[PDB]
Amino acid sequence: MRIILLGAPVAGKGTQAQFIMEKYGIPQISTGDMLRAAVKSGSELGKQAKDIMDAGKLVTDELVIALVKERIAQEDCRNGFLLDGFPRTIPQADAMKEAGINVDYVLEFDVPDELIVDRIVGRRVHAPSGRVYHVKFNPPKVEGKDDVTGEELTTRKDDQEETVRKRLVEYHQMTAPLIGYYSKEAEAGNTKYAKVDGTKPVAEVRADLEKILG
């Protein structure tokens, strides 16, 4: 099963990708996790994104498509995988198409723009794994620590109010056209398209997703 998760900044894609991965066994391929990991380890494919992500801007399609094709080539992606935050532009969606990467579901996370800033202020991460928390809406079991490793939780560098306003603008100019793109894909018969209300509680969104997927 191959799934794309499409949606605004902090719509809860990452949170739901952890559930889909543990319950359907397909690996989560998050381009922001991979890009933050590259920037941190000084990896030649990807360490260039540092200043771009910092600024709230989209990294160049040629860079991110390179990253995705290497990852998708690993033997764990043979029985499906889950794309979280990829594609992000029509170039990146075209490129998966030319490459013969067709997906089964495109799931759009709808959240109003007004909710974005307060999700940013209480988000905390386990950077080694892409586990994400919210101090109010989905807190760790012990305050400040990752549930699985007990390691200390951090804030993302780019979770500032003005960085997220820029992320939103770029989302509206470049990514949001992908809703029309895969709706058109779905009409053609190439994929299934489903919309979920991202303002619901985490457990509620999760259960909506179990309904669509099996």
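Residue numbers here begin at 1 and follow the sequence given.
Mean CA temperature factor is higher for 67-75 when stretches 67-75 and 80-88 are set side by side in the entry.
According to the PDB record, 146-154 carries the higher mean C-alpha B-factor of the two stretches 57-65 and 146-154.
By the numbers in the PDB entry, the CA B factor is greatest at 162 among 44, 162, 170, 33. Annotation for residue 122: C-alpha temperature factor in the lowest third relative to the rest of the modelled chain, per the entry. Residue 116 sits in the middle third of its chain by CA B factor, as recorded in the PDB entry.
Ranked by Cα temperature factor within the chain, residue 98 sits in the highest third according to the deposited record.
Per-chain ranking of the deposited C-alpha B factor places residue 105 in the highest third. Annotation for residue 176: C-alpha temperature factor in the lowest third relative to the rest of the modelled chain, per the entry.
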